[PDB]
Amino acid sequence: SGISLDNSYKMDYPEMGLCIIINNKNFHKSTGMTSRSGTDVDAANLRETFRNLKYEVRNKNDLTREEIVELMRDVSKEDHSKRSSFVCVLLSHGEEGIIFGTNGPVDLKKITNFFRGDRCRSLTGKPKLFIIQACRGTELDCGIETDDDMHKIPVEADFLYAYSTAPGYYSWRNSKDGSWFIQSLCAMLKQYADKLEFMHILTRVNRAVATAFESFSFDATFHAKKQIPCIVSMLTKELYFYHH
């Protein structure tokens, strides 16, 4: 028929896909990790936001490092043929390239590897989104006043990592309102998911976290600190949550 363009991901499959939310609040005493007050608000906000985007949401609470790996393995072994995409949200303590299970750390690469183009065939060519609310180190942002050779695709292609903070930095979470990033992400998805492309929505999240939030602490070391999220894209097409 008429001229056809393929610059955007096919999001009109029978299902939008799964949205796995791993909410780790309480950690084993021996790990020495604090309870993540406010993460409950984040998990509920995400569940509602992704439900409205027509995702099959599965909320999992307080999972061990073994349970996280088992869950990710099992989910990657499911038949996603009739699903448009895959979303995984991780809410826990963390360090650079690491997310914490209740009893210990899990390499983010171990989790995401299960969804590689060669390891999860029913998701090949489809967007795989990983939203991570966790620290990526211990740095604090002080802020500032204003020849031709011609059928393969990379195994790391079609992944999007929406990190809550820049590499090497702490990530902030309010005990009453939830995390700065997730609060902003849900607000921007609710307002713009039916209007803007995903990178543009995430850029609005970057602005929201960057401008509307500043830490308050009685400890001078942790007071008046800022945060900027980090969008890491290996996507090959534009992503719209809606379709024609």
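When you see a residue number, it is the position in the sequence shown, counting from 1.
### Query
How many missing residues of the deposited sequence lie between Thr146 and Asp147 in the entry, grouped as none, 1 to 3, 4 to 9, or 10 or more?
Unmodelled stretch: 4 to 9 residues.
### Query
Which class describes the count of deposited residues lacking coordinates between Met150 and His151: none, 1 to 3, 4 to 9, or 10 or more?
In the deposited sequence, 1 to 3 residues between these two have no coordinates.
### Query
Where do the C-alpha atoms have the higher mean temperature factor in this entry, in 199 to 207 or in 64 to 72?
It is 64 to 72.
### Given 137 to 145 and 89 to 97, the range whose Cα B-factors average higher in the PDB entry
Taking the mean B-factor of the alpha carbons in each, 137 to 145 is higher.
### Task
Pick out which of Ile21, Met11, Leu18, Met234 has the highest C-alpha B-factor in the PDB entry.
Each of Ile21, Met11, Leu18, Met234 was compared by C-alpha B-factor; the highest is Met11.
### Top residue by Cα temperature factor, when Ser184, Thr39, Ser35, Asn45 are compared in the entry
Out of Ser184, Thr39, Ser35, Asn45, the record gives the largest C-alpha B-factor to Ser35.
### Message
Test of reading the entry: by CA B factor among the chain's modelled residues, which third contains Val106?
### Response
Top third by C-alpha B-factor.
### Query
Which third of the chain holds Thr31 when residues are ordered by C-alpha B factor: lowest, middle or highest?
Tercile = middle for this residue's CA B-factor.
### Query
Which third, lowest, middle or highest, does the CA B-factor of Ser122 fall in along this chain?
As the PDB entry reports it, the C-alpha B-factor of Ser122 lands in the middle third of its chain.
### Task
Rank-wise, by C-alpha B-factor, drop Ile228 into the lowest, middle or highest third of its chain.
Lowest third of the chain for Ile228's C-alpha B-factor.
### Query
What third of the chain, by the recorded C-alpha B-factor, contains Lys190?
Answer is highest: the recorded C-alpha B-factor places it there.
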